[PDB]
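**Student:** I have a structure I would like to understand better, so I am pasting it below and will then ask my questions one at a time.
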Amino acid sequence: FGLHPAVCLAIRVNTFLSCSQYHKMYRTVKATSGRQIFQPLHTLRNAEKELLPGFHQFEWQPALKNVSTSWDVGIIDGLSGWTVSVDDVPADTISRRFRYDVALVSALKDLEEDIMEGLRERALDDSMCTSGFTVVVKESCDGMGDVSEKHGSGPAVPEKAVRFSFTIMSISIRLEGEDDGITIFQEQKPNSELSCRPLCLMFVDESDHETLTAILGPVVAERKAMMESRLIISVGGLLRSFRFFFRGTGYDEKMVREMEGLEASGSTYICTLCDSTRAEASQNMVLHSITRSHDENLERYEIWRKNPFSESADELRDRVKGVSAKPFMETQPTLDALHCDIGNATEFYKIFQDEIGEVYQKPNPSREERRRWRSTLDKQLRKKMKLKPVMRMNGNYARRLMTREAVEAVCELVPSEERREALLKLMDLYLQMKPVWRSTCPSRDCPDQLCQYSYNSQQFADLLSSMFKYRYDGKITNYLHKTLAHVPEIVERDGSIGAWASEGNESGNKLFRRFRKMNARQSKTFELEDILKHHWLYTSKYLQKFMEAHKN
Amino acid sequence: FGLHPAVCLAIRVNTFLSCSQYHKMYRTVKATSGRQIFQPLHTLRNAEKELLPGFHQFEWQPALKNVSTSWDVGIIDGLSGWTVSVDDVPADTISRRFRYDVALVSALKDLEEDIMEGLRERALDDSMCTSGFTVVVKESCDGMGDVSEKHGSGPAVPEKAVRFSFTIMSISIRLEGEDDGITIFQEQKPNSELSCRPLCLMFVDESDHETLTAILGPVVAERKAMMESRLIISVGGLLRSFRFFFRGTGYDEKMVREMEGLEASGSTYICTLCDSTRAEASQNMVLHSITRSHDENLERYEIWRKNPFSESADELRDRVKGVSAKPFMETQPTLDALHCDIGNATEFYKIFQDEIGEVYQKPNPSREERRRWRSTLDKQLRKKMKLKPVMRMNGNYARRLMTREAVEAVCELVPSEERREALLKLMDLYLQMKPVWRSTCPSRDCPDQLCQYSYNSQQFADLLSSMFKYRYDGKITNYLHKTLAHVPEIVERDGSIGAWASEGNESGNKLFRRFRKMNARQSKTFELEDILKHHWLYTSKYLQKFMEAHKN
Amino acid sequence: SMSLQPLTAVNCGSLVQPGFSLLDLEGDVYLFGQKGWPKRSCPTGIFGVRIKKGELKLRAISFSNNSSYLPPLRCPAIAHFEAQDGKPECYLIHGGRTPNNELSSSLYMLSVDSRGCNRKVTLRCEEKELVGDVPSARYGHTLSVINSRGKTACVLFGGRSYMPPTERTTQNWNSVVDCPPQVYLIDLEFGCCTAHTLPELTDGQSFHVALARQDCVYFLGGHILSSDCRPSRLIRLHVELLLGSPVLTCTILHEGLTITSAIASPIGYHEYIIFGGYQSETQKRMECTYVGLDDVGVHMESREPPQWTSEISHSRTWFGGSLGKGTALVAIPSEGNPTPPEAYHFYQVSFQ
Amino acid sequence: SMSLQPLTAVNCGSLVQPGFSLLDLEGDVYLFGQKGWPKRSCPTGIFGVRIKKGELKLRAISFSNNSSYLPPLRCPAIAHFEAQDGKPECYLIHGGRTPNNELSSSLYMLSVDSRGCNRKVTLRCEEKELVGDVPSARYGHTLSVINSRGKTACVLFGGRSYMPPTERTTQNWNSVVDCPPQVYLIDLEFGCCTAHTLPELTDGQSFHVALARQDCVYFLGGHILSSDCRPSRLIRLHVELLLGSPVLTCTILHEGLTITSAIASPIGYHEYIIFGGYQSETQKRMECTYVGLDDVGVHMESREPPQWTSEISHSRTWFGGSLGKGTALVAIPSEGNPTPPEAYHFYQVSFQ
DNA sequence: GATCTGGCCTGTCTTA
DNA sequence: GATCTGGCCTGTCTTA
DNA sequence: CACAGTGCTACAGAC
DNA sequence: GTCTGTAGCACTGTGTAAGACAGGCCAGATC
DNA sequence: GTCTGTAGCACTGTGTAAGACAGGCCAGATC
DNA sequence: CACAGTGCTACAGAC
Ligand SMILES: [Ca+2]
Ligand SMILES: [Ca+2]
Ligand SMILES: [Ca+2]
Ligand SMILES: [Ca+2]
Ligand SMILES: [Zn+2]
Ligand SMILES: [Zn+2]
């Protein structure tokens, strides 16, 4: 007989129906059994403008430095006023974004219901407790290749895209005192798509450091402006004050090196978090403390540029530990769970390949012998473990490959029974320490493996040192170093590793492709303006509650 | 209220909703305003089994030779009993199919509303008129690359797919007698997806003539069995007799050569329809009669095999005109409109490239200057005509490129003002004859161009002979030859060319990809079995009428 | 002893398919039966095989003017007619299966015609007409040559075929059955065939090895499709060409060898070596076997196998043919992403 | 007359970007300003350019020990300090814009230090500190050297910059304005700068050509961003160094040249040749212009342009710099699918 | 040691 | 004409 | 210890 | 007793290009 | 006068790998 | 003369 426009808007967004398809269905269900059940299109267009950024009134105290005080801006082009002179650097970019703090207050006003519920069940009252809210924001950015370009009108544009997004991890309160902070809301599925809100869209290559900084400059300026002020928002009838903590952790290592002034990526200086060289990280594999920070990189490139002690290129690089570019964006000193998984899996793949052939006796084989070993390994892993060979190592293959039964399917090919147990012991050692960096909370989920991590990694390193020395004499992969030397202090400083992974962002890339193909106007001038809005709607808690609450 | 399960099944199929997404919506609309409007899933599973093949009872008179008399078979695996011994040829194939005549019965029974209304509008009555029905079936088949392979269990399978489909073009009646035949139904959009019904899917490469014939053997056997019998179907309450005419025209040139025993494809014998050599088609560009037929290719390869006159390899090859393989599938002697368009467009692209640089004076250019000319042409066609450069010529680019204004955008680059007139005249000559092979009915919607075709092609050929002889001294594109020599007699023999194009099949490939990603179980054993059924549902007239009728 | 060396196919790996033939004519080996119909690079379909420097090279052979051309049959029965009167020395082919999966039911004699100039050889194929009682179109069967008093005839036995045209259905289209177990005596002209039934040969078999010597033929391990068994028993068949009807007797010998689809390379005067096909449907045979045969009967002794590589040991299938003089060629399917696209790794095994 | 010859970049394609510099030191030309931060293949960011045999080759240059390293500035003001007392012969750079789009506001002296051995040259850069009244961070401006009886100073004028820090918004972030039209006298040490305002210079300009000789500087066609016009007028400014305050006088001359972002290659003692930037926002200038200047004033005559290729004629943009001695290098963006990935076609144009 | 010829190799063309 | 050294080139590694 | 599906078949709960 | 809703099954897609570095060698310049 | 349904706009995706053939050259065999 | 959309903005028809 009648549905609420909000309900059917959630129906249309959460089921991936395009506007045209939804209209096709609405007219049909309206001509059979004439009484219209669904709402027409225009009332949904009117329904959603309360959910998009630029609707609620807010203010910062003190005011944000070099950020405008207008609170009703919606979709802006990220060029931010690029003067289009011909003698200047070209305006090669099509890019669009939400202005940061506006999108922040939108995503926060989205969580009104959950903030109030978390207030009421911990039995805190609300005339009280409107002073010390603290929001922890995980931000994330990643490039993306193979984006087919449209004919359109102009300008000529690359076939790659960059996608800056964020997500609200936790929101707590500290009033009145002694209490560390009483968490009132926390994300239950932080690595999901439904909790990764898009901010900025660009048709830019990751690699061109000139255009990427031009597009991302204002965003970082807003971030640096927000660390000081208090947001004030009418939530639950009352004006309340919010603080923000930003943690940039959704970056793969290539991006971290690009963004912190380090050289990428097979350098002599391997770690993003420490200063040890590649060779130095073979002799001692497990004893390194985290030293690098954004402020220190900033003050080190000043050493590189001024060269105050007048030394040569190599002596200066050693003095500065490889900071030859100016760091541009502060990045949290942590690890990426997903790409660490994939790297360690490709390393073990190579180790199995070098155990089918016995490259610990015959130190230099041909290329056709290595290809033949690859063939036999892939055939075995097709018979058992039911895997096809992959062009590139991806996450699912890494998950199914680093199991104990896959190693036992490999040992059937290793001839002599000492290396068999050798790498079997290796694999079970590795499995005793994987859950520490992929759990959402290791201290509660797998506490004993948290406790036993130092000793386990010690034995892993010594097994590598002893019976794989032919491979790790002076060479190690960066993720192996991170996995063996820095995990415990990371999880003791932050609390978790897997909760801050790059998984949600890569999961959102799928949605980017989907919506560009079926949920936007097919033009260069409008496609990003549509993808951004529909993506923002799809990741709204308020629209997602209509799906579950109206089932249970 | 509540909708008829047929109505909501059409809603679910025609809007590309998943089953999971549809259920997600159904429970939601059923919890707010508890009165259930949509039907649950199981009743739709019950609703569709009347629409899939294997539901209606039929019989052939006389009985089909070596085809079983069972009328209730659904989806079979196309291996057709491939004994799986290890010493035999492997069972490398995953393939599914409908048994041909059963699917034919299903589509015909689907067309019963339109058959009855076509009877009533011609003012022909029904107790009469049950003996002389004639159905004309357009068949189509095409390979398809870049099909990612599943992990699954087995067996190892290629990453290409072949997709055999058909469509019912027209159906007429001949009794009483004098009338040629009174057409009662005819397809209004024959190149659309909604009227191209899938028959058989395989994970097979186009090229392996060994496995493709093993899969498609039974299908061709059923085709050859159906040309003599008469089908009998209870349509409109009465039992009626149908006969079938099969016209295989949805094949690109490569597949026609593969399936008629000809050598592919840059041969000395260029035409699929005539016996003229390549150089012979330079001298006489417009005077060739169609001579080749499946009967005669079959007759000629026996000349090749037995070699009854004891000649050498080359004397035998020219005595047999290039028939060295046994033809395996009868193919209608016609042309493909889409691939002809694309070929002639790429030829004109090369001509423009050879006119920016003046290769009629400097006959041997370098590689770098040819690349330079390519760059300047693509930049010009980006400034005007709003085109990006393409890796490969496709249909839309071909349509936008072969316009008057695009040639005029090119002439701005050609310096000599008589070659500008030359290729401008060339382009309007070409546009005066393209609608003859692109129209659904040329004699009705462009009759004067149909009658003026001989003279127009004459002048086109002579312009090539005079002002481009540096390019066409002894070499011609195959599609240029077909376009210049065989169009009139084809359109006179068949009635049209564009109506029998491969456009609809290629359009169905889009649906193949879509369904494989969103409408099937994700396993090697089941995905084809699901794509086939859902594709068959999506192309049903009976389900498509619920969309149109309940709007207007 | 025996050694295997890995080969490399330089520029032709798209032509070899599991069912192919290698014909040793005048010391030169010829590959016959390629994937697909004959391309224009080699309009005959027959290639000359040259192994050297660890490379496997293929050369396009041509025919003569009076020869009939030949479809690339896949699993034909192949009999080396040895050099004798009248014209040496043929190579009998019958009948295999066509690129589009028919069965040929035609007999082809393939001989050498002329040379050179620059190590060029031209062959010739006479498709020999058969008047009978001709045998039905089949494959996987075996053909052998026999001499008695001192006339020369050809024995033909075994094989699979498609189901009879009365029971064949477009859902039975690819299922095969064993032909009825009769032996066919093919005179080579007069091109008259005779069929003879035997009380002891109760069911048909396929993919067996047939070794002939001086009017006695020994059928080794085959595959029975009705009961799905690989019999260990050996069949010995004694023919004799009496004017003018060929009296013919049979016997079952106690134990032979349980194999199917083997490689019988000749090493001595009447002595061969078996390199192994498959023992069971899931387990390929990895051991060698020496088989010399004399007037007394068959002899059989274990030889030690070469050090099989891990790849050729853990492969699911394999195939190949004898390159002659105690040497043979084996192939292994390869799995990789992307496609290599070299479809098969090659090894050359050699005895002594 | 003049000839253009197409070059080919052998391996360096990712280093040249629309705004870059070519510095002629002791006959050898050096590219400065590359795309991105300096990689480890060349940790300096400065390359030696060698054109031979129709190929353009780049070689990594190194610095000395006492030199400060240098960000790859994109559109800096560049002044060839000629060889004189005390230390010859530097190359003044100020100040351009950084890979992450900041404006530098620093002055760098770039000179040659030692050679060889094997045609190896080491440079050196002294970041010279400026005390003032320093000029603001800018780009597209110009810098010139002047001598008056006979003290040496540097005149600095023009340019764009980001909006003032009070009106700069994260929605105004990338918009630029012309800085106020003062002239800055930079003594090269001590690094005391002084700013002077002129009644006849009412509005700022950018991307103009400045030609200096013997205590007179001629500013040719610039671009005014307020009125979006390209003035055809010429500015001539005359300085004189009297201790302690440098009196300074200006004049507008009737007509000059309506260009922006040109290439001024020197051919003679005090005479240059202009290869052309842009006349209007949509129409790049295609004609050459000889400019010799003397004690009477500036002179101006049209030379014939080379036969421009169709590609360099129908291109939208172009850029380049003087390779010296009447020779210059021009670059054209390229469009293709897939990416070439050679981003620019190169030509070498030469006069006489 | 000189000459001949078959077959390999590269580049262009034609359809995808 | 012999010797030296800078810089080019190839292959392997590390992250995507 | 990613996660939201992919559709079909069984098998309970609910009148 | 029919109708209804969910658990089990096995697998999906988003994660995708250059740069660093060590060793060998050759070409061009100098003594 | 609010509500409703469609026309205009500019562009999308399905069309995607080897084989034929002519000319030059070299290697190996013969006289 | 492929064709079924892609979403937003205007602009008529309909009480
Ligand atoms: Ca990335
Ligand atoms: Ca990515
Ligand atoms: Ca095709
Ligand atoms: Ca296709
Ligand atoms: Zn470290
Ligand atoms: Zn023709």
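Numbering starts fresh at 1 for the residues of each chain in the structure tokens, the chains themselves are lettered A, B, ... in the order given, and ligands are numbered from 1 as they appear.
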Throw together the list of residues within 8 Å of ligand 1, counting only C-alpha atoms (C1' of nucleotides) and all ligand atoms, and drop it here as a PDB file with C-alpha atoms (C1' of nucleotides), in the first residue's frame.

**Tutor:**
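Written file, selection22.pdb:
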```
ATOM      1  CA  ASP A 142      45.490   3.257  -3.058  1.00  0.00           C
ATOM      2  CA  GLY A 143      46.117   3.465  -6.776  1.00  0.00           C
ATOM      3  CA  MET A 144      44.294   1.341  -9.305  1.00  0.00           C
ATOM      4  CA  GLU A 206      50.301   6.702  -8.491  1.00  0.00           C
ATOM      5  CA  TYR A 251      48.802   2.153   2.469  1.00  0.00           C
ATOM      6  CA  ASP A 252      50.803  -0.558   0.764  1.00  0.00           C
ATOM      7  CA  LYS A 254      55.139   1.408  -2.308  1.00  0.00           C
ATOM      8  CA  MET A 255      52.763   4.213  -1.323  1.00  0.00           C
TER       9      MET A 255
ATOM     10  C1'  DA F  16      53.372  -4.010  -6.887  1.00  0.00           C
TER      11       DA F  16
END
```

**Student:** With a cut-off of 9 Å and counting only C-alpha atoms (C1' of nucleotides), select all residues of chain A in contact with chain I and give the selection as a VMD selection string.

**Tutor:** chain A and resid 40 150 to 152 517 521 to 523

**Student:** Using only C-alpha atoms (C1' of nucleotides) and all ligand atoms, which residues of the polymer chains come no farther than 6 Å from ligand 6? I'd like the answer as a PyMOL selection string.

**Tutor:** chain B and resi 271+273-274+288+482

**Student:** Could you write out the selected residues, including C-alpha atoms, as an mmCIF file, in the first residue's frame?

**Tutor:**
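Result file result_4.cif:
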```
data_model
loop_
_atom_site.group_PDB
_atom_site.id
_atom_site.type_symbol
_atom_site.label_atom_id
_atom_site.label_comp_id
_atom_site.auth_asym_id
_atom_site.auth_seq_id
_atom_site.Cartn_x
_atom_site.Cartn_y
_atom_site.Cartn_z
ATOM 1 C CA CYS B 271 36.574 -14.849 -51.141
ATOM 2 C CA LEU B 273 31.713 -16.837 -51.946
ATOM 3 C CA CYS B 274 33.806 -16.920 -55.150
ATOM 4 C CA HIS B 288 32.303 -11.687 -59.686
ATOM 5 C CA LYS B 482 33.057 -8.635 -50.773
#
```

**Student:** Counting only C-alpha atoms (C1' of nucleotides) and all ligand atoms, what are the residues, protein, DNA or RNA alike, that approach ligand 3 to within 12 Å? I want them as a ChimeraX atom specification.

**Tutor:** /B:140-145,160-164,205-207,250-258,336,338-339,502-503,505-506,509 /E:15-16 /I:14-17

**Student:** Enumerate as a list in words the residues belonging to chain C that approach chain I to within 9 Å, with only C-alpha atoms (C1' of nucleotides) taken into account.

**Tutor:**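 Within 9 Å of chain I on chain C, we get residues 39, 40, 41, 117, 118 and 119 of chain C.
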
**Student:** Take the selection from the previous step and output its residues with N, CA and C atoms, as a PDB file, in the first residue's frame.

**Tutor:**
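Resulting contents of result-v7.pdb:
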```pdb
ATOM      1  N   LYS C  39      48.061 -27.160 -42.377  1.00  0.00           N
ATOM      2  CA  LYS C  39      48.204 -25.758 -42.738  1.00  0.00           C
ATOM      3  C   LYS C  39      48.961 -25.634 -44.059  1.00  0.00           C
ATOM      4  N   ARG C  40      49.101 -24.394 -44.533  1.00  0.00           N
ATOM      5  CA  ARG C  40      49.814 -24.142 -45.779  1.00  0.00           C
ATOM      6  C   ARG C  40      51.328 -24.163 -45.597  1.00  0.00           C
ATOM      7  N   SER C  41      51.816 -24.038 -44.360  1.00  0.00           N
ATOM      8  CA  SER C  41      53.245 -24.203 -44.116  1.00  0.00           C
ATOM      9  C   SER C  41      53.703 -25.617 -44.445  1.00  0.00           C
ATOM     10  N   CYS C 117      67.291 -33.491 -53.277  1.00  0.00           N
ATOM     11  CA  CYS C 117      68.729 -33.271 -53.435  1.00  0.00           C
ATOM     12  C   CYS C 117      69.487 -32.971 -52.137  1.00  0.00           C
ATOM     13  N   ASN C 118      69.122 -31.883 -51.456  1.00  0.00           N
ATOM     14  CA  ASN C 118      69.822 -31.463 -50.239  1.00  0.00           C
ATOM     15  C   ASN C 118      69.164 -32.117 -49.024  1.00  0.00           C
ATOM     16  N   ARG C 119      69.334 -33.438 -48.955  1.00  0.00           N
ATOM     17  CA  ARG C 119      68.663 -34.277 -47.960  1.00  0.00           C
ATOM     18  C   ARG C 119      67.159 -34.038 -47.979  1.00  0.00           C
TER      19      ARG C 119
END
```

**Student:** May I ask you to extract the residues of chain F within 9 Å of chain D, using only C-alpha atoms (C1' of nucleotides), and to give them as a PyMOL selection string?

**Tutor:** chain F and resi 5-7

**Student:** Export, as a short mmCIF file (atom, residue, chain, number, x, y, z; two decimals), in the first residue's frame, the selected residues with C-alpha atoms (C1' of nucleotides).

**Tutor:**
```
data_model
loop_
_atom_site.label_atom_id
_atom_site.label_comp_id
_atom_site.auth_asym_id
_atom_site.auth_seq_id
_atom_site.Cartn_x
_atom_site.Cartn_y
_atom_site.Cartn_z
"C1'" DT F 5 88.58 4.28 -15.96
"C1'" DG F 6 83.86 5.80 -16.48
"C1'" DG F 7 79.65 4.52 -17.80
#
```

**Student:** Using only C-alpha atoms, determine which residues of chain B fall within 8 Å of chain D; present them as a list in words.

**Tutor:**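 Those within range of chain D come out as residues 372, 373, 374, 375, 376, 378, 379, 380, 389, 390, 391 and 413 of chain B.
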
**Student:** Would you put the residues from that selection into a file with N, CA and C atoms, as a PDB file, in the first residue's frame?

**Tutor:**
```pdb
ATOM      1  N   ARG B 372      55.107   8.491 -36.371  1.00  0.00           N
ATOM      2  CA  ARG B 372      54.858   9.921 -36.240  1.00  0.00           C
ATOM      3  C   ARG B 372      53.523  10.308 -36.872  1.00  0.00           C
ATOM      4  N   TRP B 373      53.240   9.798 -38.076  1.00  0.00           N
ATOM      5  CA  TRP B 373      51.966  10.070 -38.731  1.00  0.00           C
ATOM      6  C   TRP B 373      50.798   9.532 -37.912  1.00  0.00           C
ATOM      7  N   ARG B 374      50.956   8.337 -37.332  1.00  0.00           N
ATOM      8  CA  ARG B 374      49.910   7.811 -36.459  1.00  0.00           C
ATOM      9  C   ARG B 374      49.623   8.769 -35.311  1.00  0.00           C
ATOM     10  N   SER B 375      50.680   9.291 -34.682  1.00  0.00           N
ATOM     11  CA  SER B 375      50.491  10.212 -33.566  1.00  0.00           C
ATOM     12  C   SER B 375      49.723  11.455 -34.003  1.00  0.00           C
ATOM     13  N   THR B 376      50.109  12.043 -35.141  1.00  0.00           N
ATOM     14  CA  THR B 376      49.430  13.271 -35.553  1.00  0.00           C
ATOM     15  C   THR B 376      47.969  13.003 -35.920  1.00  0.00           C
ATOM     16  N   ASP B 378      45.988  10.650 -34.641  1.00  0.00           N
ATOM     17  CA  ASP B 378      45.214  10.424 -33.425  1.00  0.00           C
ATOM     18  C   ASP B 378      44.983  11.724 -32.665  1.00  0.00           C
ATOM     19  N   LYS B 379      45.977  12.619 -32.643  1.00  0.00           N
ATOM     20  CA  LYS B 379      45.766  13.901 -31.976  1.00  0.00           C
ATOM     21  C   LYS B 379      44.698  14.726 -32.688  1.00  0.00           C
ATOM     22  N   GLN B 380      44.729  14.751 -34.025  1.00  0.00           N
ATOM     23  CA  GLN B 380      43.698  15.478 -34.761  1.00  0.00           C
ATOM     24  C   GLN B 380      42.315  14.890 -34.502  1.00  0.00           C
ATOM     25  N   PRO B 389      42.349   7.415 -29.168  1.00  0.00           N
ATOM     26  CA  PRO B 389      42.926   6.312 -29.945  1.00  0.00           C
ATOM     27  C   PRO B 389      42.589   4.974 -29.308  1.00  0.00           C
ATOM     28  N   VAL B 390      42.359   3.974 -30.151  1.00  0.00           N
ATOM     29  CA  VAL B 390      41.925   2.656 -29.706  1.00  0.00           C
ATOM     30  C   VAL B 390      43.033   1.649 -29.975  1.00  0.00           C
ATOM     31  N   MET B 391      43.220   0.723 -29.031  1.00  0.00           N
ATOM     32  CA  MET B 391      44.107  -0.410 -29.268  1.00  0.00           C
ATOM     33  C   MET B 391      43.676  -1.190 -30.503  1.00  0.00           C
ATOM     34  N   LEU B 413      44.861  18.038 -42.639  1.00  0.00           N
ATOM     35  CA  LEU B 413      46.237  17.579 -42.515  1.00  0.00           C
ATOM     36  C   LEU B 413      46.886  17.242 -43.853  1.00  0.00           C
TER      37      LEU B 413
END
```

**Student:** Where does DSSP see strand (DSSP E or B) in stretch 212-252 of chain A, if you list the residues as a list in words?

**Tutor:**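 So the strand (DSSP E or B) residues in stretch 212-252 of chain A would be residues 230, 231, 232, 233, 234, 235, 238, 239, 240, 241, 242, 243, 244, 245, 246, 247, 248, 249 and 250 of chain A.
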
**Student:** Given the choices B:101, B:114, B:146, B:428, which gets closest to ligand 4 if the distance is worked out from only C-alpha atoms and all ligand atoms?

**Tutor:**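 Among the listed residues, the smallest separation from ligand 4 belongs to B:146.
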
**Student:** What's the separation between atom CA of residue C:267 and atom CA of residue C:324, in Å to one decimal place?

**Tutor:** 7.8 Å

**Student:** Would you list which chain J residues are within 8 Å of chain A using only C-alpha atoms (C1' of nucleotides), as a PDB file with C-alpha atoms (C1' of nucleotides), in the first residue's frame?

**Tutor:**
```
ATOM      1  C1'  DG J   5      20.717   1.705 -20.956  1.00  0.00           C
ATOM      2  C1'  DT J   6      23.326   5.864 -17.732  1.00  0.00           C
ATOM      3  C1'  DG J   7      21.325   9.750 -14.343  1.00  0.00           C
TER       4       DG J   7
END
```

**Student:** Got a sec: who's within 12 Å of residue F:8, counting only C-alpha atoms (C1' of nucleotides), leaving out chain neighbours fewer than 2 positions off, as a list in words?

**Tutor:**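 The residues that qualify are residues 11, 57, 58, 59 and 60 of chain D; 6 and 10 of chain F; 24, 25, 26 and 27 of chain H.
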
**Student:** Report the residues of stretch 213-345 of chain D whose backbone DSSP state falls under helix (DSSP H, G or I), written as an MDAnalysis selection string.

**Tutor:** chainID D and resid 310:314

**Student:** Selected residues, C-alpha atoms, written as a PDB file, in the first residue's frame, please.

**Tutor:**
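Listed below is the output, again32.pdb:
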```pdb
ATOM      1  CA  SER D 310      52.725  18.826 -39.729  1.00  0.00           C
ATOM      2  CA  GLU D 311      53.044  17.339 -36.234  1.00  0.00           C
ATOM      3  CA  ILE D 312      54.855  20.327 -34.705  1.00  0.00           C
ATOM      4  CA  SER D 313      52.442  22.620 -36.569  1.00  0.00           C
ATOM      5  CA  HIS D 314      49.171  21.021 -35.408  1.00  0.00           C
TER       6      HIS D 314
END
```

**Student:** What is the distance, in Å and to one decimal place, between atom CA of residue A:117 and atom CA of residue A:170?

**Tutor:**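 Taking atom CA of residue A:117 and atom CA of residue A:170, their separation equals 14.3 Å.
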
**Student:** How many Å lie between atom CA of residue B:444 and atom CA of residue B:287, rounded to one decimal?

**Tutor:**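 That distance, rounded to one decimal, is 25.7 Å.
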